[PDB]
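Step one of this worksheet: look at the structure below.
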Amino acid sequence: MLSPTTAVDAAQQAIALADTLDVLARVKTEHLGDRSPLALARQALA
RNA sequence: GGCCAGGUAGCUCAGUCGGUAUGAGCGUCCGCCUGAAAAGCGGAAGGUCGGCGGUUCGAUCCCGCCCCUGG
Ligand SMILES: [Mg+2]
């Protein structure tokens, strides 16, 4: 599950839908950070 | 300045010579619970790993200089 990506599309779309600074902090948690599916792929680079 | 062990989450500190810090205890948030709490149980948030550069698709971890504590 590495080939394209759709994770960037869902991240930038949720970023574009953040209305307040509180939503963007959650969007940064869901689509970035440790538990995000984007970084879960970087973990699978082992 | 010399030589050195360090600087890692809000506090006090472990841990790692390339893709996860599974970080711990406590602090913060949610649920069950309570009139409202706390504990308990369950579920989460949060670190640019000292700064600035160097190498690599990728550096807290390797190279150089430097900031401050034990020296
Ligand atoms: Mg509670």
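Nothing in this text is a laboratory measurement; each read-out follows from the coordinates by a stated rule. Cβ coordinates were reconstructed from backbone atoms using ideal geometry, including for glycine residues, and neighbour counts include every protein chain displayed.
Test residue A:41 against the criterion of being out of contact with any helix residue (DSSP H, G or I) (no Cβ under 8 Å at 6 or more places or on another chain), near RNA strand B (Cβ under 10 Å from one of its atoms) and either among the aliphatic types (A, V, I, L, M) or part of a helix (DSSP H, G or I) (or both), and give yes or no.
no
Residues of region A:7-31 being surrounded by 14 or more Cβ atoms within 10 Å (Cβ to Cβ) and either outside any helix (DSSP H, G or I) or within 8 Å of RNA strand B (Cβ to nearest atom) (or both), which ones?
Residues satisfying the conditions are A:18, A:28.
Would you say residue A:46 is within 14 Å of RNA strand B (Cβ to nearest atom) and either touching a helix residue (DSSP H, G or I) at 6+ places or on another chain (Cβ under 6 Å) or part of a helix (DSSP H, G or I) (or both)?
Against the criterion (within 14 Å of RNA strand B (Cβ to nearest atom) and either touching a helix residue (DSSP H, G or I) at 6+ places or on another chain (Cβ under 6 Å) or part of a helix (DSSP H, G or I) (or both)), residue A:46 does not qualify.
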